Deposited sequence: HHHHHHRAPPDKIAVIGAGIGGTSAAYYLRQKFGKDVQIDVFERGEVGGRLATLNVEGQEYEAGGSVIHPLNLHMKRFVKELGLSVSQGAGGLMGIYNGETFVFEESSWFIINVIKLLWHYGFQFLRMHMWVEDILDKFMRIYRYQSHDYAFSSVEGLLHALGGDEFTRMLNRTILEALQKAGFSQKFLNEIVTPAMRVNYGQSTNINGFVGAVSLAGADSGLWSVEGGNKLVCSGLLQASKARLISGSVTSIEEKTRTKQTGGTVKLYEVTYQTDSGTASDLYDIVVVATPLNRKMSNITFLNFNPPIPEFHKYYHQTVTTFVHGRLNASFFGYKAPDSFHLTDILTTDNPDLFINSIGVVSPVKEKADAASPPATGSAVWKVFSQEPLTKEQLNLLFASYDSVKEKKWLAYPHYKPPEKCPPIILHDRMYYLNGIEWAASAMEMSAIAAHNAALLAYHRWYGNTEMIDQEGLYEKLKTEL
């Protein structure tokens, strides 16, 4: 038994930050002060963007059914789900379509059998086994077990298989599993491009998450994914502070009872000028690039270990206007919503797809993933006409460079960093798992419940 903490800072009003605030509240009780910093708008990558009067998801867009944190949250917050359908889908290689979906599902079955055989089925079954192991996390989190390291977490779910996938490229992985060069370049690679704007040179684990994201049932939050952030924030009853955190420094206190412990001074800038406050615990729920969150770490002993890592640029470009169906090879096209690309370096886009707005109400609204800002020439070559154009540059996810070691969860004595998780998978639910885990870990670390940390073979014992 020990003194419960007075103040906790959470840096970042992301889905990660606000999820932390929520779970912290659940572990430390109503008493503890929780402050969430946000230099920008709540939601971070779950922003929207106004296009001819309506809001569209510009960052985090869809949510899988096995995203239980987001499911439980939308339920608890009483938000509505925009579980819509989609449309038609094709893969372009820079000459023609290696594959196009038909209106008859049986046609599609036939096409995919001829072109790929059972590889469609076999990937499914390989992915299910990965997912199935991964779902163990919920049971462990519902029983409050924590993990000090993204690797250790994965190990606890899938054992060595999962830690080896992290160090493998999803290409290596699927070749070792006997998937064909054809299927890898025609199916798998486009999926990587659309999802993570990178090729099959990304973490096997990320990649398998990616491939479940072609599973069906998908949905989004009606009104914006970013509502989930503000909704949790409210429901956690944390104090939201608009300011760009600049610096974080250890100090020593003096508990009335002659204490001598280590606090963290967080300095942040606002309109008015500089301001600061002292915290017993810190959770960083933003990436630690100097381009993404300029926090300086002062007088630490020992120094925070190396989270130095780089994210990948993806530009979401929205266009109200009609496509150039002839730029993909149609001439007189009888009658055609999403185009994915193969890894052809003559292409300048990752994907291009008609979108619906967040609210629920040709020449329509399109969404273009590109590595770089689209030039006038490329917009013109892309669309016949366009009334309006909107574009956000998004350090969106890691530049997965396997083999590599995920950034720590523990930066210091009582300072935790959840965005390490991205290097296993960048997704909404992944931020939620990390936040949950980060909260548990901090709690167990504060109260010294070492029986609850880094416990292996949990699933067996927890299994009936």
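Note: segments 1-5, 342-343, 369-377, 481-482 of the deposited sequence have no C-alpha coordinates in the structure.
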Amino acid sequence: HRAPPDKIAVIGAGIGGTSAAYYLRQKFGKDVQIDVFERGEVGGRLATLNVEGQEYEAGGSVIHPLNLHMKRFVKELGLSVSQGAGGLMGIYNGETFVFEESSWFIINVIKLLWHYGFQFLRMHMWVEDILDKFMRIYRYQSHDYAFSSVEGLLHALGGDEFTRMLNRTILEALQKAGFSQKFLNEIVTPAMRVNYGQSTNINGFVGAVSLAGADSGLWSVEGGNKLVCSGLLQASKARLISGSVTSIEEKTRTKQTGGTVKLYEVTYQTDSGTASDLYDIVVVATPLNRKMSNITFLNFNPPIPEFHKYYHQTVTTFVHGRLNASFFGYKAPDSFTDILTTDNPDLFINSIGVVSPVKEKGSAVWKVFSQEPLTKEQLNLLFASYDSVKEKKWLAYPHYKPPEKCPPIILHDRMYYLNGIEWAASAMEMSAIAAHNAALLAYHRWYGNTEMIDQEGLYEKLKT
From here on, numbers count along this sequence of modelled residues.
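Averaged over Cα atoms, the B-factor as recorded in the entry is higher for 455-463 than for the other of 455-463 and 1-9. Legend: mean Cα B-factor per stretch from the PDB entry, 103-111 versus 174-182; the higher mean is in 103-111. Highest C-alpha temperature factor among 352, 241, 154, 266, as the PDB entry reports it: 352. When the C-alpha B-factors of 123, 295, 137, 384 are ranked from the entry, the top spot goes to 384. Split the chain's modelled residues into thirds by C-alpha temperature factor. Residue 413 is in the lowest one. When the modelled residues of the chain are ordered by their C-alpha B factor, residue 300 lands in the middle third. For residue 38, the recorded CA temperature factor ranks within the middle third of the chain's modelled residues. Sort the modelled residues of the chain by CA B factor and residue 332 lands in the highest third. Annotation for residue 435: C-alpha temperature factor in the lowest third relative to the rest of the modelled chain, per the entry.
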